[PDB]
Each structure stands twice: as structure tokens, then as C-alpha cells.
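By convention here, the first residue in the shown sequence is residue 1. For the numbers below, each heavy atom of this structure counts, side chains included, while hydrogens, waters and symmetry mates do not.
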Amino acid sequence: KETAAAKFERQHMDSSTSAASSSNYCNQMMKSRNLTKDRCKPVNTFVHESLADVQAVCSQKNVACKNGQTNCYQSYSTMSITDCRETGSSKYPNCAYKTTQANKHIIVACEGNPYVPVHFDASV
């Protein structure tokens, strides 16, 4: 089954664009990345950076995750991100999202050898 690292990349990485190009970015990406298949995922963040730059966060500033786990890390730098969260009209299977552009630090949880992101915890 899909590894946690691979699921992180599918859910959260978008190295192919520098930022969201339109209000329909989230609608399209949430669909394309299969985050609407079984239910409407309520909130999601995409990171517009190289994969290596995001993986490198696992060697940056340690911080406890929202859930208290201690394997979370904050990026030293801000990153281009897109926040996606459901609109009031979102109704499965017609999932609908608001796209918001931002430049923020990210917080990810890391696991494994190589030690890589497995969960997107927050934009801050």
C-alpha cells in the first residue's frame, strides 16, 4: 500500500507550479490528487517548492506537532503554498474549495530512513 512518504507527496507537493494560477486551482488539484474520491477532504495545503527543499525541512527546526508528537519540524524559510478548504456549497461528489495563495513557513512530521515528510501539520 502507499507509503506515508508517498501519500505526503501526492497530497501536499506541487513542484510543477510556482503558485495557484486561478480560483479553480484547488478544485482541480483536490480532484486530480484523488483527495475527493471517497469524501471531500475538508482542508489541504499544497507546497510549490522542489521536493528536496521540502524533504530538507526534516533537518530544520524541531517543534512538537499539533497532536503533541515530537517528530515535527518547521522550515527555516517561507515557502509558496496554496491553502485549500471547502466552500459552503461543497457537497460530495461535487467537492468545492476556496483557493488561497500564501507565503508561509511549513511544519511537517518526518519518519523513516531516509527521514522524510509523512504529514503536513500546519502553515505558519
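Closest approach of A96 and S90 over heavy atoms only: N-OG, 3.1 Å. Contact between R39 and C95 at its shortest, heavy atoms only, is C-SG, 4.4 Å. Here the closest heavy-atom approach between residue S15 and residue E49 is recorded as OG-O, 2.7 Å. The shortest non-hydrogen separation linking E86 to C40 is OE2-CB, 3.3 Å. Looking at every heavy atom in both residues, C26 comes nearest to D83 through SG-O, 3.7 Å. Between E2 and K7, the closest heavy-atom pair is OE2-CA, 3.4 Å.
Rounding to the nearest 0.5 Å places CD of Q60 at 6.5 Å from OG of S77. Taken to the nearest 0.5 Å, the OG1 atom of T36 stands 7.5 Å off from the OH atom of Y92. Taken from NZ in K98 to OG in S89, the straight-line distance is 13.0 Å, to the nearest 0.5 Å.
At least one side-chain heavy atom of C65 sits less than 4.5 Å from a side-chain heavy atom of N71. Looking at heavy atoms from C-beta onward, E9 lies out of side-chain contact with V54 at the 4.5 angstrom threshold. Using a 4.5 Å heavy-atom threshold, the side chains of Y97 and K41 count as touching. Within the 4.5 Å cutoff, the side chain of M29 has no heavy atoms near those of the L35 side chain. At least one side-chain heavy atom of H105 sits less than 4.5 Å from a side-chain heavy atom of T78.
Checked against side chain to side chain donor-acceptor pair (under 3.5 Å), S80 has no partners two or more places apart in sequence or in another chain.
The environment of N67 atom CG is dense: over 12 non-hydrogen atoms of other residues, nucleotides or ligands sit within 6.0 angstrom. Counting non-hydrogen atoms of other residues, nucleotides and ligands closer than 6.0 Å to CZ of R33 gives a total above 12.
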Donor-acceptor pairs under 3.5 angstrom involving side-chain atoms of residues 108-120: please list them, not counting sequence neighbours.
from: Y115; atom 1: OH; to: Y73; atom 2: OH; distance (Å): 2.6
from: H119; atom 1: NE2; to: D121; atom 2: OD1; distance (Å): 2.7

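Grouping the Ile, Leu, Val, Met, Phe, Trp and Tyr side chains by contacts below 4.5 angstrom, directly or via other members, places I107 apart from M79. Note on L51 and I81: same hydrophobic cluster, where clusters join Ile, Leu, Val, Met, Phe, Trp and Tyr whose side-chain heavy atoms are under 4.5 Å apart, directly or indirectly.
Side-chain N or O atoms of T82 include none that pairs as donor or acceptor with a backbone N or O of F46 at under 3.5 Å. Between the side chain of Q74 and the backbone N or O of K61 there is no donor-acceptor pair closer than 3.5 Å. Side chain of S75 to backbone of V57: no donor-acceptor contact under 3.5 angstrom is found.
Side chains of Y25 and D14: a donor on one and an acceptor on the other come within 3.5 Å.
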